[PDB]
There are 2 protein chains.
Amino acid sequence: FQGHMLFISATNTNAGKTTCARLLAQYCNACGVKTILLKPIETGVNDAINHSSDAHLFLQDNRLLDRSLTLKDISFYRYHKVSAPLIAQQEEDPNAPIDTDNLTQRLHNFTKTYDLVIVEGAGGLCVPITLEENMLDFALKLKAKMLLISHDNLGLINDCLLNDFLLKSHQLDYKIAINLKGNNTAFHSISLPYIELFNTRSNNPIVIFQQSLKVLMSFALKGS
Amino acid sequence: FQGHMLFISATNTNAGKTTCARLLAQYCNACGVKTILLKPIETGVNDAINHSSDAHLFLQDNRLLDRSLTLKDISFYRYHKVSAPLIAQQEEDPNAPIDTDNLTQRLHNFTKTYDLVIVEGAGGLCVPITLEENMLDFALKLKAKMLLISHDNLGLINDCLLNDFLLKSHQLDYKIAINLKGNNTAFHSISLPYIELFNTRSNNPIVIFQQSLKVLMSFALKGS
Ligand SMILES: [Mg+2]
Ligand SMILES: [Mg+2]
Ligand SMILES: [Mg+2]
Ligand SMILES: [Mg+2]
C-alpha cells in the first residue's frame, strides 16, 4: 500500500501532541520507517516574528529527510488568533473557509514518499474547522488511524473516557496514550489504579505514551 | 409531583460546581422555591481537621432551612484520597462498594420536603463510582435533570462539546452552563464567538451560568 497516516489529537491544547509526535517520528525514523510530521492547521502563530511554532519544529525534524521542505509544504492554514480554527478563519480570512477536501489530497500525497505520515490536529477532537467539520471529522475524511494524547494531571480519567466514548462511537482505529512526566509520581498513586482496572475491562486499553513507542509504531503501520 | 432533582456535574473538578450550585440554590430559595444542596460522595476530605468541604459549605446554607441537618444527612460516602470515588473506596473502604440504589432512595426522600433537590457529583460525567457505574449512570438512575458546569478557559469549546456528545447520546434533559469570571474578557473574544454560532445551530444551547439563573431554575422545575 502507500504510506500509512496517523492523526494526533489530544484531550487539551498543551497536552503533548507536538512533543509526542516528534518523539514517535524520531523512533520510527530510527527504526527505518520513513516518517514525516505535518501540521496542516495552526492557530496562535506569527511567522514574521517567531519560528518556534509546531510547524517550525516539524520542519526542522523533517529536513533531516528532505532539505527542500519549507513551512508552506507542511502547514497550510495559519492564523494569528488563539482560538478554534473556524473562528480564526472567520475573523482573519473570511473569504477562505478551510478546505478539508484539498487538505485530504495534500496529506495523502505524502503517502507516496513516506512510510508514515503523522498529522497533528489543533485543539481537541471537537474543535471546529468549518461550520460543518471538526477535527474528528477531518480525521475520518483522511481515513487515518487516531492517536489521542492525554495529559497526566488530575482529571485525566474523565478526559480520557469522554474521548473514548466519542471515538468508539465512530468508525476509526484509535489509541489513547497518556503523556506522563517523570517528576509526576502522583499519577501512579491517583490515576493509574483506574487505568489498570479499565484496561482489564476494555478491549482498547489506555496506554502510557513513554512506555508505548514500539506498540504505537506497530499500531500506526498495521493492516491496510 | 414531589420535588424536582437537578444533578450538577462539570467539565472538570474545580470548574465551579459547588459555587454555582450554591448561587442557584440561593436564587431558588429567594424566589420561594425551597431548595436543598446535597453532596452524596466526596473525595479529598478530612472532616476531623477541616470543615470547608463541599458538604460543609452546603450544610451551612442548608441550615437556613433546617437547623437539625448534620453533615451525615447530606453526604454519605466520604474519603481522604484525592482520586475518583471508585479508587478511594477500593483503597479506604474495600468492603463497602458505593451503593447507588441506597443513595437513590436517600436523595429521593428529600423530594418530600423540598421543591428542588440539588445533587452535586464529584469529578466529571465519566468519573467511576463503582465497577459498573459512573457519575452519569448515577444521574440516570436518579432520573434527575442535568446541569453541567464548564470552565471559562481556553479549551472550553472542546470540553463542552465532548460532554454534549455524551449527554445527547443518553436519555436525560440537560443544560451546559459556562462559569464565567468577570476578570475574564478573553472569553468574549476567543470562545464566545463559537458559542454563539453553536447556539444558532443547536436545539440545546450552551449558556453562561451568570446570565442564566432564571432559566436554570425554570429548567430544573419544568414538567414532571
Ligand atoms: Mg500547543
Ligand atoms: Mg502542538
Ligand atoms: Mg472541587
Ligand atoms: Mg465541588
Side-chain angles (χ1 to χ4, degrees), chain B residues 1-42 44-45 47 50-76 78 103 106-124 135 138-139 142 144-152 156 160 173-182 184 187 205-213 215-223:
Chain B
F1 306 125
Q2 293 191 11
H4 285 85
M5 195 177 292
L6 180 68
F7 197 93
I8 298 190
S9 188
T11 47
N12 55 284
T13 200
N14 296 325
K17 295 183 299 305
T18 298
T19 309
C20 294
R22 296 177 73 192
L23 282 168
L24 182 54
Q26 176 181 61
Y27 177 83
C28 292
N29 279 310
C31 292
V33 173
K34 190 185 168 188
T35 301
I36 195 165
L37 293 152
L38 305 179
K39 181 78 177 180
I41 300 164
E42 192 167 7
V45 296
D47 297 340
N50 175 280
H51 323 113
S52 298
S53 72
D54 302 352
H56 288 97
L57 299 174
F58 286 183
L59 179 63
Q60 180 185 106
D61 300 354
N62 290 337
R63 292 188 71 235
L64 301 169
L65 298 167
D66 184 358
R67 306 299 300 173
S68 82
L69 286 167
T70 64
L71 197 75
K72 68 192 183 292
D73 299 316
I74 68 175
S75 184
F76 313 107
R78 297 180 68 71
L103 290 176
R106 297 183 169 264
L107 274 33
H108 279 274
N109 289 335
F110 279 105
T111 72
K112 298 174 190 173
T113 45
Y114 291 88
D115 299 322
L116 179 63
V117 176
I118 295 175
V119 178
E120 183 183 334
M135 285 285 165
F138 180 36
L142 288 167
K145 294 200 192 84
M146 175 68 67
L147 174 59
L148 186 110
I149 303 296
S150 176
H151 69 86
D152 63 336
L156 75 87
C160 286
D173 209 345
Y174 73 96
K175 291 306 310 188
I176 300 171
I178 299 158
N179 175 22
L180 179 56
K181 313 313 172 49
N184 179 7
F187 170 75
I206 295 169
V207 302
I208 301 327
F209 177 80
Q210 287 69 20
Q211 294 174 14
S212 302
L213 295 173
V215 187
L216 291 173
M217 174 176 74
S218 160
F219 168 75
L221 303 170
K222 70 174 176 76

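In what follows, chains are A, B, ... by sequence order, proteins preceding strands, each numbered from 1.
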Check your understanding: Side chain of B:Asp152, backbone of B:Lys181: donor and acceptor closer than 3.5 Å?
Key -> yes
Practice item. To the nearest 0.5 Å, tell me how far B:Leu38 CG sits from B:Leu59 CG. Key: 11.0 Å
Revision key, fill the gap. Quick note, salt bridge (charged side-chain N to carboxylate O under 4.0 Å, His left out) partners involving residues 17-29 of chain B, not counting sequence neighbours, are B:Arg22-B:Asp61
**Study point:** OG1 on B:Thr111 to CG on B:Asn109, rounded to 0.5 Å
**Key:** 7.5 Å
Check your understanding: Closest approach of B:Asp115 and B:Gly32, non-hydrogen atoms and distance?
Key -> OD2-O, 3.8 Å
Point to revise | Residue pairs fulfilling salt bridge (charged side-chain N to carboxylate O under 4.0 Å, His left out) with at least one residue in residues 2-15 of chain B, sequence neighbours excluded | key: none
Review point. Which residues satisfy the ring-ring contact (aromatic ring centres under 6.0 Å, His included) test with B:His56, sequence neighbours excluded?
Key: B:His51
Study note, to complete from the structure: Correct closest heavy-atom pair for B:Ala177 and B:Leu216 would be CB-CD1, 4.4 Å
**Study point:** B:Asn29 side chain vs B:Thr35 backbone, donor-acceptor pair below 3.5 Å
**Key:** yes
Exercise for review: Spell out, as yes or no, whether a donor-acceptor pair under 3.5 Å connects the side chain of B:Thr11 to the backbone of B:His151.
Suggested key: yes
Practice item. For the pair B:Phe138 and B:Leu107, evaluate side-chain contact (heavy atoms from CB on, under 4.5 Å) and give the outcome as yes or no after the intermediate values. Key: CA-CA 11 Å; B:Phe138 180 36; B:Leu107 274 33; 3.7 Å; yes
Point to revise | Heavy-atom closest pair, residues B:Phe7 and B:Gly121 | key: CZ-CA, 3.7 Å
Check your understanding: Looking only at heavy atoms, which two atoms of B:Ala220 and B:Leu6 are closest? And how far apart?
Key -> CB-CD2, 4.2 Å
Practice item. Quick one: pull up OG in B:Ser212 and CD1 in B:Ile206 and give me the separation to the nearest 0.5 Å. Key: 11.5 Å
Check your understanding: Donor-acceptor pair, B:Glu42 side chain versus B:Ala55 backbone, under 3.5 Å?
Key -> yes
**Study point:** Pair B:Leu103-B:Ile41, side-chain contact (heavy atoms from CB on, under 4.5 Å): steps then yes or no
**Key:** CA-CA 9 Å; B:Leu103 290 176; B:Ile41 300 164; 4.0 Å; yes
Study note, to complete from the structure: Sorted by chain and number, sequence neighbours left out, side-chain contact (heavy atoms from CB on, under 4.5 Å) with B:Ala21 holds for B:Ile8, B:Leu37, B:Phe58, B:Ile118
Exercise for review: Identify the two heavy atoms, one from B:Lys34 and one from B:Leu65, that lie closest to each other, and give their separation to 0.1 Å.
Suggested key: CG-CD1, 4.1 Å
Study note, to complete from the structure: Between the CZ atom in B:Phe219 and the CE atom in B:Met146, the distance rounded to the nearest 0.5 Å is 9.0 Å
Throw together a table of side-chain donor-acceptor distances under 3.5 angstrom for residues 66-75 of chain B, partners on residues two or more places apart or in other chains.
| residue | atom | partner | partner atom | Å |
| --- | --- | --- | --- | --- |
| B:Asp66 | OD1 | B:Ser68 | N | 3.0 |
| B:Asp66 | OD1 | B:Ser68 | OG | 2.7 |
| B:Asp66 | OD2 | B:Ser68 | OG | 3.3 |
| B:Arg67 | NH1 | B:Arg63 | O | 3.4 |
| B:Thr70 | OG1 | B:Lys72 | NZ | 2.8 |
| B:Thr70 | OG1 | B:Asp73 | OD2 | 3.0 |
| B:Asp73 | OD2 | B:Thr70 | N | 2.9 |
| B:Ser75 | OG | B:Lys39 | O | 2.7 |
| B:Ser75 | OG | B:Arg78 | NH1 | 2.9 |

Review point. Mind checking whether B:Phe1 and B:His4 have parallel, tilted or perpendicular rings, split at 30° and 60°?
Key: perpendicular
**Study point:** Gap between atom CG of B:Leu213 and atom SG of B:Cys31 - 0.5 Å precision
**Key:** 9.0 Å
Review point. In Å and rounded to the nearest 0.5 Å, what is the CE to OH distance from B:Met217 to B:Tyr27?
Key: 4.5 Å
Point to revise | Pairing residues for B:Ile208 by the side-chain contact (heavy atoms from CB on, under 4.5 Å) criterion, not counting sequence neighbours | key: B:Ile178, B:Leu180, B:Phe187, B:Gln210, B:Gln211
**Study point:** Check: B:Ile149 main-chain N/O paired with B:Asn179 side-chain donor or acceptor under 3.5 Å
**Key:** no
Exercise for review: Quick one: do B:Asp173 and B:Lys222 satisfy side-chain contact (heavy atoms from CB on, under 4.5 Å)? Show the steps, please.
Suggested key: CA-CA 10 Å; B:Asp173 209 345; B:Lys222 70 174 176 76; 2.8 Å; yes
